[PDB]
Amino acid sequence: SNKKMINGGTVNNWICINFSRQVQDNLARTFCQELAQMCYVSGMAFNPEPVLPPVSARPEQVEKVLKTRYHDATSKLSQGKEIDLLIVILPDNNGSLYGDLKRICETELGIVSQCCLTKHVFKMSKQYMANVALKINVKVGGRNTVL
């Protein structure tokens, strides 16, 4: 028995920001679609479409891109609704980016985030997707089985 979802959480509103120069917009798009699909079939409610298309940014502009995209996506929502998830694509070797990302999301935006390395985005294996779905589920308030 591999882990499974007991209670699937809900992601009605999500966006993706990409920080990897090896990843074009369409690949980010396709990756997120596969991830959304896995989350759904595993037992989550998960909108197949993001609030806004993926955007690509340089790691040096992490603060600016996050706050701007957060503001723009939120303003697009029905009044009172919030962004449930930010998917972030990172270079395999990203230095301080991961930590900066987390501090901003956790303590400034108050948004749940899931980071995904470029290497995994290119591979898009079903096992990887399943694992990330499990992580996302816990983060949005769902519950998974224990081994």
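Numbering starts at 1 and follows the sequence shown.
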(message) When the Cα temperature factors in the entry are averaged, is it 74-82 or 28-36 that ends up higher?
(response) 74-82
(request) Tell me which of 37-45 and 65-73 has the higher mean C-alpha B-factor in the deposited entry. (result) 65-73
(request) Please work out which residue in 13, 137, 131, 18 has the highest C-alpha B-factor recorded for this crystal structure. (result) 13
(message) Can you tell me whether residue 53 has a C-alpha B-factor in the lowest, middle or highest third compared with the other modelled residues of the same chain?
(response) middle
(request) Sort the modelled residues of this chain by their C-alpha B factor and say whether residue 142 lands in the lowest, middle or highest third. (result) middle
(message) Based on the deposited C-alpha B factors for this chain, I'd like to know if residue 110 is in the lowest, middle or highest third.
(response) lowest
(message) Looking at the temperature factor on the CA atom of residue 90, which third of the chain's modelled residues does it land in?
(response) middle
(request) Could you look up the Cα B-factor of residue 121 in the entry and say which third of the chain it sits in: lowest, middle or highest? (result) highest
